[PDB]
Amino acid sequence: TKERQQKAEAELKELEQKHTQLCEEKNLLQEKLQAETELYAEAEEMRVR
Amino acid sequence: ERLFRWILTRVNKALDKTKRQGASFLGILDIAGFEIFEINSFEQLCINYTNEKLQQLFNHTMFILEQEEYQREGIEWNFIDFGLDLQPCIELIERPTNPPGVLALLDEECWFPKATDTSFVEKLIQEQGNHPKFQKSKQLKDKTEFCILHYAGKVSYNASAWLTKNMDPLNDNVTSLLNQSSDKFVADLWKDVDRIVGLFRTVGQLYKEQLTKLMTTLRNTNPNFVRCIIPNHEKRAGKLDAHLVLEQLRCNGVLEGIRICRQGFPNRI
Amino acid sequence: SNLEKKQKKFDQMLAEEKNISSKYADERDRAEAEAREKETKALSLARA
Amino acid sequence: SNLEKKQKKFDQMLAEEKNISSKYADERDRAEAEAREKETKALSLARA
Amino acid sequence: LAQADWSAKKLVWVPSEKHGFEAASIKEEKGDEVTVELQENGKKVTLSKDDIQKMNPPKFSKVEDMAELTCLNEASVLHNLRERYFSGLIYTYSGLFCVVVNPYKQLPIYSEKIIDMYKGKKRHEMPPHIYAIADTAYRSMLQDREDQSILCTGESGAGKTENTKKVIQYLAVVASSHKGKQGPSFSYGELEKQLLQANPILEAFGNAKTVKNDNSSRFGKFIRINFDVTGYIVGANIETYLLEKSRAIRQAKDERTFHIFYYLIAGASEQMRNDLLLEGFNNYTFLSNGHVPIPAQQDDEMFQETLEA
Amino acid sequence: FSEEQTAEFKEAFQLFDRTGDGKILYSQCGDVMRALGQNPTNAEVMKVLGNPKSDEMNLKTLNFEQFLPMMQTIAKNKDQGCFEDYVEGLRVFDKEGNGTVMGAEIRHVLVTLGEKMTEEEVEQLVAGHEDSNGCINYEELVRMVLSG
Amino acid sequence: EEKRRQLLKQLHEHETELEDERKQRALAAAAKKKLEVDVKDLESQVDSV
Amino acid sequence: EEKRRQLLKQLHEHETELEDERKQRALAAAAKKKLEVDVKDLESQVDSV
């Protein structure tokens, strides 16, 4: 039971960290990427103009 | 302002997950009151314009909506106009495509590479000049001041530092430094240094846009009004002016409001 | 005022007969209650 | 309208004065009969 | 006999300045000129015809429902409003909406028995109260299955803003659910007390003394109260707008700025006063117009109030 | 009536005695009567309770002797409101005839109409049958109340 | 009741997920942006003509 | 308990399907209505300038 807890509780901290730097930081980077895409679309529009 | 915004965010954090989206929410609006000061700066004009805008909203929803719903349902009803509208008194502030309103004029004046409050007053008096709700300065047009009529009376305004009070430039270096200050709370207070000008979009456009957003959200809701009238500027109990409350309930258009239900049909089914 | 008056008049027009029938039914119910009381008192005397 | 209301006032007053006694007397008689029946039945069942 | 007395159209209102509109009798009429005489004093002066303000039958005095007046005269409505005010009846119904005139005195019209005797009943079933219009809003929002809204206007706020927090106090208890757990007396919940304190919490800021008013919303505010399908509070939201930056940094002529500063002056702990390196009045360039004694209020009291809130 | 069910009557009567002798408060004995299927309105209850006042109802109890004529008078009703009454009235009470009836309106018009009841009374009445639509099937609850 | 509470917690997690940017969260915002951009593009095409 | 577990599983499946459809619709309305209309408006501003 104890080694399975450590197989789960030390897995739960893995879930927490991978969610804060792989799912939450993922969303932050997603916002950054959307901003970059929109600003580059504006840049290319200004380019052709 | 950043402190106030953080306080507002924290109090909105009363509940978010527990704030499961309901279906019959309730809206409550309490606005700044119409004020007449010896010096009414730009912000005074903003709040008084908001007052006028919501008063026009009430007048519309109170007379127009009803009179047009009558004919729209084919009921026998002559359109009984009551001569109550602030449509020009509101158009004169914002209308961009025609001769620009006060907001658009101020935007193109502050975005000018080099201008002055007096230059802005000149651009205004040459732009509208003859608008009924507008009246140029009392022989002191060079004094960068000007008065406007409103649904509560005529109030003056001094354009002193109006372009600065709109643009609001800040030292970018100190903002960046404070963004990286030791304390974490001040970092939270200064973790959104994105468009703070120090050399894009100023406060007029944001304010009018979000106000229009509020009004759009509100008009999609069956409203309900209650109005409050001051006894007197005495700030004292007991006494109560006569002509004051007279003109107050007059400009509020309450008698014709009563006349509506006295003559109209305020029920729908 | 005229609408209120006409409503009151049209109501009373039928309310006359309504109250007549109501008084009739009330008298009938009172007589029935009196008869039931008499029967209950007879049963009470028998039981006593 | 004032004339019609003045007429309807006396009309409804007479109608109410008529219907009141026609109901109040019956109501009192029915209430007395009900009270007597209740008391008699209670005493009868206590004795029983 | 007074009915037949003022039944003649010669006992009617009249414009003036001593009270704006008074009541005057009339002897006779010349063409379109009415022989106006002041029944109050004796001032007899003929006036034009356009001054037709019928003095409504005094049997309808102090009526709270202006939507039933036989004669909708400007003088008549000012009259009725004045007497309802002097009779301590601030809230007054009128057609579709209501009118309130804050008398700057705390009228004891806030009690749980008032809540109950005003909850549930319809509009005209009870005397005009802000609790009643709130309850009507509640019944409407639960009836239509769609949202509702209420708004307040005015010029200064000390009465044009107090009504909003009064409605808040009402709604915090009229529709609070029970998950176990005079005036607002009820087994409150967490969110109830928190939303009640939400008003003074933020109003510690955005509240300053003007030359006209001493305390009110120095900005625009909008409150959103979500609800469930069984009519219960499920979420609160606040929306605030531009602040008085001028007063915040440079106070106006003899005007008290955001009360939070004066509260901090003599509300904090001398320990924390020195720990924040502070000082009293007459020690700040930003203290234009210096310090003012706020009428009938103290700083430390509301300071501790806001802290606990 | 008969001693046939008077045994159950006696055990129920003494079951809810706060003194354990046969004296049960007027409110309590009316509640027992209602629990015995015979559930009339408190109006006729007071009518056959000698027309007392609330103070007398909360201070004066009743013996089992007078309890027999009391349920006798209750049995003189011989009928109550019918099932078709309730179903049709609730059906016509809804706003759109959608097989159900909204909940909050029912709670309000129940605690604030005719006979007054507390909010938790109708709450635990409607409890369990709630739905996200707020519109409860009046039929199932009314037949449960009638049969139960 | 405990199983119902667990199901309610799962439903609340799903509602918070769909309440960030999914339907009934930002689909209305996307529809509003599309409706505001369509008329703008139409006016711009009219100006170009 | 089995029936409540089945109901919770059905709710989870319905929520997953709704979230998938919501993400698809959001991606469509974002990559289609925003950037294309922006490019069209920029090209029309060019044609007007």
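Residues numbered from 1 in each chain as written, not as in the entry; some residues may be left out. Chains lettered and ligands numbered in written order. Part of a larger assembly, values for the part shown. Heavy atoms only, no water. Residues with missing side-chain atoms left out of burial classes, pairs and counts.

Now for the overall build of chain C. The secondary structure content of chain C amounts to one helix and zero strands. Principal-axis analysis of the C-alpha atoms places the extent of chain C at approximately 65 × 15 × 5 Å. (Helix = DSSP H or I, 4+ residues; strand = E, 2+ residues; numbered from the N terminus.)

Centre to centre, the rings of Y70 of chain B and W77 of chain B are 5.4 Å apart; their planes meet at 75°, and the pair counts as edge-to-face. When the ring of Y138 of chain E is compared with that of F227 of chain E, the centres are 5.7 Å apart and the planes differ by 70°; the resulting orientation is edge-to-face. Aromatic rings pair up to connect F42, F120, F146, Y157 and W162 of chain B into one cluster. Positioned over the ring face of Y110 of chain E is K166 of chain E, at 4.1 Å from the centre of the ring. (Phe/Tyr/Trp six-rings, centres within 6.5 Å; stacked < 30°, edge-to-face > 60°. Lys NZ or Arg CZ within 6 Å of the ring centre and 35° of its normal.)

This brings us to the pairing of strand β8 (residues 233-240) of chain E. All names here are of chain E. Strand direction decides the pairing type here: strand β7 (residues 221-227) and β8, joined by seven bridges, are antiparallel. Along β8, the bridge assignment pairs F227 with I233. Joining the antiparallel neighbours β7 and β8 is a turn of five residues, in which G231 adopts a positive phi near 65°. (Pairing = 2+ DSSP bridges.)

Attention shifts here to the packing of helix α2 (residues 42-72) of chain B against helix α9 (residues 203-219) of chain B. Residues and elements named next belong to chain B. For the pair α2 and α9, the least separation of the axes is 12 Å and the interaxial angle reads 20°. In terms of orientation, α2 and α9 fall into the roughly parallel class. Every pair of crossing elements has a handedness; the one defined by α2 and α9 is right-handed. Across the interface between the two elements, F42, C46, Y49, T50, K53 and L57 of α2 pack against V203, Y207, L211, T212, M215 and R219 of α9. The residue inventory of the contact of α2 with α9, partitioned by class, reads eight nonpolar, two polar and two charged. (Axes fitted to C-alpha atoms, helices over the stretch in contact; angles between N-to-C directions. Parallel < 35°, antiparallel > 145°, perpendicular 65-115°, else oblique. Left-handed = near helix turned anticlockwise from the far one by under 90°. Contact = heavy atoms within 4.5 Å. Nonpolar A, V, L, I, M, F, W, Y, C, P; charged D, E, K, R; others polar.)

Residue and element names in this part refer to chain F. The geometry of helix α7 (residues 103-111) relative to helix α8 (residues 119-126) is characterised by a closest axis approach of 9 Å and an angle of 140° between their N-to-C directions. In terms of orientation, α7 lies oblique with respect to α8. Considering the relative orientation of α7 and α8, their crossing is right-handed. Together, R107, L110 and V111 of α7 and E119, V122 and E123 of α8 make up the contact between the two elements. Considered class by class, the residues forming the contact of α7 with α8 number three nonpolar, no polar and three charged.

This next bit is on unusual backbone geometry. Excluding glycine, residues mostly have negative phi values, and the peptide bonds linking residues are mostly trans. All names here are of chain B. The backbone phi angle of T144 is positive, close to 45°, even though this residue is not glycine. Positionally, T144 belongs in the loop between β2 (134-135) and β3 (145-150). The phi dihedral of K235 is positive, around 55°, even though this residue is not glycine. Along the chain, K235 falls in the loop between β5 (225-228) and α10 (243-251).

What follows covers the pattern of salt bridges. The residue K245 of chain E makes a salt bridge to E1 of chain B at a minimum N-O spacing of 3.2 Å. Of this pair, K245 of chain E sits in helix α7 (residues 245-249) while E1 of chain B sits in the segment before α1 (2-12), which puts the two residues in different chains. A salt bridge links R143 of chain F to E139 of chain F, with the nearest nitrogen and oxygen atoms 2.5 Å apart. One end of the pair is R143 of chain F and the other is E139 of chain F, both in helix α9 (residues 138-147) and four residues apart, which spans about a single turn. What emerges from the salt-bridge pattern is a single network uniting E68, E69 and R72 of chain B. (Salt bridge = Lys/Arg side-chain N within 4 Å of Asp/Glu carboxyl O.)

Another point: the interface of chain B and chain E. On the side of chain E, 73 residues touch chain B, which itself brings 65 residues to the contact. Ranked by residue count, the leading element in the side of chain B that touches chain E is helix α11 (residues 254-263) of chain B, at six residues. Each residue belonging to the side of chain B that touches chain E can be placed in one class, and the counts come to 39 nonpolar, 15 polar and eleven charged. Here strand β1 (residues 26-30) of chain B runs beside strand β6 (residues 148-152) of chain E; their pairing, made up of five bridges, is parallel. Residue pairing in the sheet places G27 of chain B in a bridge with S149 of chain E of β6 of chain E.

Before going further, it helps to examine the arrangement of the chains. Across the six pairs of chains in contact, the largest number of contacts is found between chains B and E. One thing to see here is that chain D and chain H don't touch, and their nearest C-alpha atoms sit 55 Å from each other.

Another aspect to go through is the sheet that holds β3 of chain B. All names here are of chain B. Judged by pairing direction, the sheet is antiparallel, and its three strands sit side by side in the order β2-β3-β4 without closing on themselves. Because the sheet does not close on itself, it has two edges, and the strands there are β2 and β4 (153-158). Examined bridge by bridge, β3 and β4 share six bridges and lie antiparallel to one another. Bridge pairing links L149 to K154 in β4.

Glancing now at the sheet that holds strand β1 (residues 11-15) of chain E. All names here are of chain E. Spatially, the three strands line up as an open sheet ordered β1-β2-β3, and their pairing is antiparallel. Whereas interior strands pair on both sides, the edge strands pair on one side only; in this sheet they are β1 and β3 (33-37). Ignoring strand direction, the axes of neighbouring strands in this sheet form an average angle of 60°. Inspection of the sheet shows strand β2 (residues 21-30) paired to β3 by four bridges, in the antiparallel sense. Within β3, the residue paired with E29 across the bridge is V34.

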